[PDB]
Engineer: 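This is the structure I have questions about; it appears just below.
Chain letters run A, B, ... following the sequence lines, proteins first and then strands; every chain starts at 1. Atoms within a ligand are numbered from 1 in the order they appear, just like the ligands themselves.
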Amino acid sequence: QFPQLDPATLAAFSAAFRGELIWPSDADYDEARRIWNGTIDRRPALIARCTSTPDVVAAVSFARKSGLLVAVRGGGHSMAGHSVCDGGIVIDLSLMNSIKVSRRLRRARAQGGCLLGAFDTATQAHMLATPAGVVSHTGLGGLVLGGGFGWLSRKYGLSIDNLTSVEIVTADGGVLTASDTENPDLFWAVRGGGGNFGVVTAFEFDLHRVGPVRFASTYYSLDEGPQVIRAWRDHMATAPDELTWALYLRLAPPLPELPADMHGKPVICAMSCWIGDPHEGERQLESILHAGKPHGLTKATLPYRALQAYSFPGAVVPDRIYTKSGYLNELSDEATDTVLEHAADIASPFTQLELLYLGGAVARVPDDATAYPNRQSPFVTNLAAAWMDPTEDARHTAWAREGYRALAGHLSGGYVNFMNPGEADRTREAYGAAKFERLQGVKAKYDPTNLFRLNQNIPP
Amino acid sequence: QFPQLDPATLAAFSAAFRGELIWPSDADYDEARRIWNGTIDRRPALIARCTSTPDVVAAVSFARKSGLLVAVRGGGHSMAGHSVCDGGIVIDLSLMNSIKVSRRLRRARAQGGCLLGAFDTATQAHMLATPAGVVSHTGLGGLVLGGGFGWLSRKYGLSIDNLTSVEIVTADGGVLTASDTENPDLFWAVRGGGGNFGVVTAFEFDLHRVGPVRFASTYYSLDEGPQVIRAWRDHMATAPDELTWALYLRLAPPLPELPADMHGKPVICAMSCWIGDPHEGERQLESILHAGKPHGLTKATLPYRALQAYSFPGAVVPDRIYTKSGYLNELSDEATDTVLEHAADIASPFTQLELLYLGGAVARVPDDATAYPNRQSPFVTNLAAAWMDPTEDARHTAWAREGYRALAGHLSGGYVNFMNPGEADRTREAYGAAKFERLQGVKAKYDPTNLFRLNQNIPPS
Ligand SMILES: Cc1cc2nc3c(=O)[nH]c(=O)nc-3n(C[C@H](O)[C@H](O)[C@H](O)COP(=O)(O)OP(=O)(O)OC[C@H]3O[C@@H](n4cnc5c(N)ncnc54)[C@H](O)[C@@H]3O)c2cc1C
Ligand SMILES: Cc1cc2nc3c(=O)[nH]c(=O)nc-3n(C[C@H](O)[C@H](O)[C@H](O)COP(=O)(O)OP(=O)(O)OC[C@H]3O[C@@H](n4cnc5c(N)ncnc54)[C@H](O)[C@@H]3O)c2cc1C
Ligand SMILES: C[C@H](O)CC(=O)CC(=O)CC(=O)c1ccccc1
Ligand SMILES: C[C@H](O)CC(=O)CC(=O)CC(=O)c1ccccc1
């Protein structure tokens, strides 16, 4: 973390850079180098907080000339810990948070360091939105380059399915635009290929009009898991795109809507919404609320920006996390039993086994149209361990790996954005052989030296 | 609109400025010049979208040299239309949206063009917050320089009560820090004095840990309006600082939680929350919900970021607005009856007659401690007309003025941030004589040429 740098190279960076530099001896260094995954404790040589595209060009050129390992940081949410490095440089985009929204064009342009909640605030000023993840302080940058799904996805696709162009700084310091008609090969690869191809300084999206959404959340005893998960699996196979319904298996939070005698016990938390008219949504949600005996029901009509800010009401932010995730093409009764066995073993309050159903608009995009793999698998399961005390790391980590191995016969692929710091080896199976080959071709062209390799990495 | 500018002074500005200029010939000019009050239709000679403090210094100096009337824009929410001008320059801060948050120091440094939702997203990543307004796409900038109140205010004060310094670009193009120990005279004036003193490029705040919040919204028939409003006034007089409860008199929205038979009829929408433990919140909110017969009750436990994003679930963003507001020291039975008569006339589905109760932490700050007036008046009433069709402007504006004149014996002061385009003349009465005089002296010092006059303006003494 205290490497010898060239004075000419350094000075050239200083003259070109208009942002904020954070060095190891600076008072804000330990706080700045922390990322969401608290298990990742790494000490960069330098954190460069970029404030403009020309700043990113300067930081990229400086790292390449200096031989410093490049971490790129948008919102710092990497489950694999990719947005901080030991001994290298963090090209930190988090001050590049501006968004421009055209109401007449239903378009937004957002800088690559934006948090979802900033982007949603900006488009919802015009009752507009486009799909993104469900936790507002996630980074737009890493989430969109890996695909991006959330509440709007069954109706409007992945984030990348609404992306119309990007501005990107490539490894040789060039600034490029990529779109359907400009460097379309790079445009294909950034839609699902992660940070492998350059630093995205601006994303442009088409937007949709999204008015108030009927939302429900309720909790079922984990004793009713078999019927609840079977109701969910069966219902989602034929459900309108406008319905999204996700199951989180977890210890019940000590919330006042829930009876005190359920607090801290195994439950399924079901969250559902109707993307469409709220009277229709009231009718569609009432029809799924009795998958089991409902407890702690909350029903609300929410601005979409409030739906985005909702996940999840808790009194503590988990410090340490470990995830194991895959897709399923079908969720059999045997897999269902496996999930429920493993869920019964959760013994800490922040851990969830999540069961998502995508499909809808995500699955109608032809599989070769972007770099995002697995569009035809509707189910995602994520063993998301989360806890506080470092002495417990082995125990929580074992829980997630044990569940993943028990399910492994039922799982395929993986979402690159749910990969953990030990899953570098999963990249080829996540994309599959044809996509991975085509991604390697694009890599040979735009990042032939593999300068950007803190990501689910595609070697050229 | 196309004034002749000096070409050397323009190229110097352009070499110095890193942001975007939008001229009247540009495709995006008509959209960029629109502000939230769509009754305001003005045509700047230039919109300069600043990206940094040096951008702001370069735009200020260019305006001063060029003789251009200066509009400053944060999030564009000015009820008086101050963030756009005819024929001058808009120093548009909307791209300066960065927030740094220190969890260890519980401190946030936010740029002056941030929207509230961007700020609350950033602080809530650490479960932290500080008070601000209730609508996410409001600008931080104008709201804080006026004082700034919302759900966290009874517990934690105005936004300005949590402000610890600013970076500010003054009329002469200088960049200053104001705080308790540096230019403290300016620090006092900016905490409530609007944009009078310069362009704030960075605000620094102390933050508070705010976990999930029990929230309730319900609607009462206007037939029970006297009972509900009296219950509310009486309850708030002795209520814990942790309870906030606001009343919005409006047409009932066509939402599925309300019976079809109430839709489009005037009702009281009551919104309440407990800033504190949610089990205590559940107890406190159940105790106030039966002030009348509740309809369309929604109760939820929300992260504070979701409480901030909740107001208000509607299908349409209103285009045209007109507000008349003031404070009350007491809400008598006669004033209540007046509010109810005027609410019963509401025509638009977007209009509301708002009744807010501040007090708590806001009133505990000594009156002379900031430039924000009326801390000791706990009630605010806002007749907030909002609609779509420009041919209706005279009817909606007349409604808000009639209600204001009917209440005027009960009203004192005025929140600068709720003034409309026709209220330039309200500034002295809003601040009071002693505040207005002290502000005039600070004005004489920092903006003696009144370069910043598109605001609730304080001329220099
Ligand atoms: C609480 C939580 C909830 C989540 N929920 C969802 C969800 O609902 N849906 C979903 O799809 N995913 C979700 N995720 C996963 C998420 O998509 C990934 O964590 C994503 O990589 C986070 O992006 P980021 O910018 O915050 O992370 P970072 O750690 O900053 O970056 C992640 C990766 O992207 C690269 N990167 C970031 N910004 C850029 C850029 N502008 N240009 C180039 N490279 C970039 C980094 O180099 C790194 O490889 C969530 C994550 C968290 C922690
Ligand atoms: C829908 C809505 C909801 C509201 N809710 C609340 C509420 O809950 N609580 C509350 O207290 N107020 C609230 N307000 C009123 C709000 O505080 C004022 O409208 C405020 O002036 C808006 O600030 P802005 O930056 O968005 O507006 P702008 O129109 O951009 O600016 C308003 C004024 O401040 C100046 N200004 C803006 N940014 C700066 C800056 N960085 N430096 C110097 N001067 C600047 C402008 O020159 C102008 O005089 C709300 C307003 C709206 C439209
Ligand atoms: C925090 C966890 O590790 C990961 C997540 O939070 C992701 C997640 O919950 C899935 C998700 O995006 C989603 C997508 C559609 C509907 C509901 C939820
Ligand atoms: C939209 C209108 O023009 C103005 C508002 O909406 C402002 C407003 O409601 C006041 C406000 O900040 C508030 C403060 C505390 C509780 C509830 C509301």
Side-chain angles (χ1 to χ4, degrees), chain A residues 35-37 71-84 93-94 112-113 115 132-135 137-150 158-159 168 194-195 197-201 203 311 321 415-418 452 454-456, chain B residues 35-37 71-83 93-94 111-113 115 132-135 137-143 145-151 153-154 158-159 168 194-195 197-201 203 244-246 248 271 311-312 321 323 352 354 356-358 380 382 384 386 415-418 452 454-456:
Chain A
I35 56 172
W36 175 76
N37 188 343
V72 179
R73 179 178 181 156
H77 267 258
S78 180
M79 275 160 205
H82 289 143
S83 40
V84 63
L93 312 180
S94 63
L115 298 184
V134 300
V135 175
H137 50 266
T138 312
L140 186 72
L143 177 137
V144 173
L145 297 169
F149 47 74
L158 308 174
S159 300
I168 186 172
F197 307 93
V199 184
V200 183
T201 52
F203 296 90
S311 298
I321 63 98
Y415 177 36
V416 297
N417 272 154
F418 295 164
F452 298 115
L454 288 182
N455 43 52
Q456 277 309 297
Chain B
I35 50 170
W36 168 84
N37 183 350
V72 173
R73 180 167 175 169
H77 267 261
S78 184
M79 285 172 203
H82 288 140
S83 38
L93 310 174
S94 61
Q111 281 185 307
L115 278 356
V134 310
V135 179
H137 48 269
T138 308
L140 184 67
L143 173 139
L145 294 171
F149 47 77
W151 294 116
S153 283
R154 286 174 40 80
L158 303 171
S159 301
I168 183 164
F197 307 103
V199 183
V200 177
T201 48
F203 293 92
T244 298
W245 181 15
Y248 296 96
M271 279 185 47
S311 299
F312 302 95
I321 66 96
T323 56
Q352 311 190 112
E354 301 174 8
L356 307 184
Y357 193 96
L358 288 49
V380 188
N382 191 12
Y415 177 35
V416 304
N417 279 336
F418 294 164
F452 305 103
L454 271 22
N455 46 47
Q456 207 63 221

Engineer: For ligand 2, indicate whether the residue B/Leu140 contacts it via side chain, backbone, both or neither (heavy-atom separation under 4.0 Å).
Structural biologist: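 None of B/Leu140 does.
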Engineer: Using a 4.0 Å heavy-atom threshold (strictly under), name the region of B/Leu145 that reaches ligand 2: side chain, backbone, both or neither.
Structural biologist: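 Near ligand 2, B/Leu145 shows its side chain, while the N, CA, C and O stay back.
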Engineer: Please verify whether a non-hydrogen atom of B/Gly133 lies at under 4.0 Å from ligand 4.
Structural biologist: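 No; B/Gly133 lies far enough from ligand 4 that no heavy-atom distance drops under 4.0 Å.
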Engineer: Record the part of B/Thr244 in heavy-atom contact with ligand 4 below 4.0 Å; permitted values are side chain, backbone, both and neither.
Structural biologist: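 The part of B/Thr244 near ligand 4 is the side chain, not the backbone.
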Engineer: May I ask you to check whether B/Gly142 has an N/O atom sitting below 3.5 Å from an N/O atom of ligand 2?
Structural biologist: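 B/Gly142 vs ligand 2: N/O contact under 3.5 Å present.
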Engineer: If you have a sec, work out which protein heavy atom is nearest atom 49 (O) of ligand 2 and how many Å separate them, to one decimal?
Structural biologist: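 Atom 49 (O) of ligand 2 sits closest to the protein heavy atom B/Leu454 O, 2.9 Å.
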Engineer: Looking at B/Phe312, which atoms of ligand 4 are within less than 4.0 Å of one of its heavy atoms?
Structural biologist: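 Selected atoms, number and element: 6 (O).
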Engineer: So which protein heavy atom does atom 22 (C) of ligand 2 come closest to, and at what separation?
Structural biologist: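 That would be B/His77 CB, 3.6 Å.
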Engineer: Not counting sequence neighbours, which residues clear ring-ring contact (aromatic ring centres under 6.0 Å, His included) with B/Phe452? List them please.
Structural biologist: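 Expected list: none.
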Engineer: Say whether B/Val72, considering both its backbone and side-chain N or O atoms, lies within less than 3.5 Å of an N or O atom on ligand 2.
Structural biologist: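 Between B/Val72 and ligand 2, an N or O pair is found under 3.5 Å apart.
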Engineer: With sequence neighbours left out, write down each residue that passes ring-ring contact (aromatic ring centres under 6.0 Å, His included) with A/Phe203, or none if nothing qualifies.
Structural biologist: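 Partners of A/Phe203 under the ring-ring contact (aromatic ring centres under 6.0 Å, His included) test: none.
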Engineer: So for ligand 2, is B/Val199 a polar contact partner (N or O within less than 3.5 Å, distance only)?
Structural biologist: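 In this structure, B/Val199 places no N or O atom under 3.5 Å from an N or O of ligand 2.
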Engineer: Answer with side chain, backbone, both or neither: which part of B/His82 has a heavy atom less than 4.0 angstrom from an atom of ligand 2?
Structural biologist: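 Side chain only; the backbone of B/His82 stays clear of ligand 2.
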Engineer: Mind checking whether B/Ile321 contacts ligand 4 via backbone (N, CA, C, O), side chain (CB onward), both or neither, at a 4.0 Å heavy-atom cut-off?
Structural biologist: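 Under 4.0 Å from ligand 4, B/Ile321 contributes no heavy atoms.
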Engineer: Output the list of atoms in ligand 1 that are nearer than 4.0 Å to some heavy atom of A/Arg73, sorted by atom number.
Structural biologist: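 The list of qualifying atoms is 30 (O).
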Engineer: Among A/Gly133, A/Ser83, A/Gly113, A/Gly74, whose heavy atom sits nearest atom 29 (O) of ligand 1?
Structural biologist: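 Nearest option to atom 29 (O) of ligand 1, by heavy atoms: A/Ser83.
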Engineer: Between B/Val135 and ligand 2, which residue portion shows a heavy-atom distance shorter than 4.0 Å: side chain, backbone, both, or neither?
Structural biologist: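 Side chain only; the backbone of B/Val135 stays clear of ligand 2.
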Engineer: Is there any N or O on B/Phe418 that sits under 3.5 Å from an N or O of ligand 2?
Structural biologist: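 It does not: no N or O of B/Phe418 is found under 3.5 Å from an N or O of ligand 2.
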Engineer: Provide the number and element of each atom of ligand 4 under 4.0 Å from a heavy atom of B/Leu356.
Structural biologist: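 Reading through ligand 4 atom by atom, the close ones are 10 (C), 11 (C), 18 (C).
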Engineer: Which one holds for B/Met79 and ligand 4: side chain close, backbone close, both close, or neither close, with close meaning a heavy atom under 4.0 Å?
Structural biologist: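 Side chain only.
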Engineer: Test of understanding: given a 4.0 Å heavy-atom threshold, classify the contact between B/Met271 and ligand 4 as side chain, backbone, both, or neither.
Structural biologist: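 Contact part for B/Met271 vs ligand 4: neither.
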Engineer: Show the atoms of ligand 4 that are less than 4.0 angstrom away from any heavy atom in B/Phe149.
Structural biologist: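 Heavy-atom distances to B/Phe149 below 4.0 Å select 10 (C), 11 (C), 12 (O).
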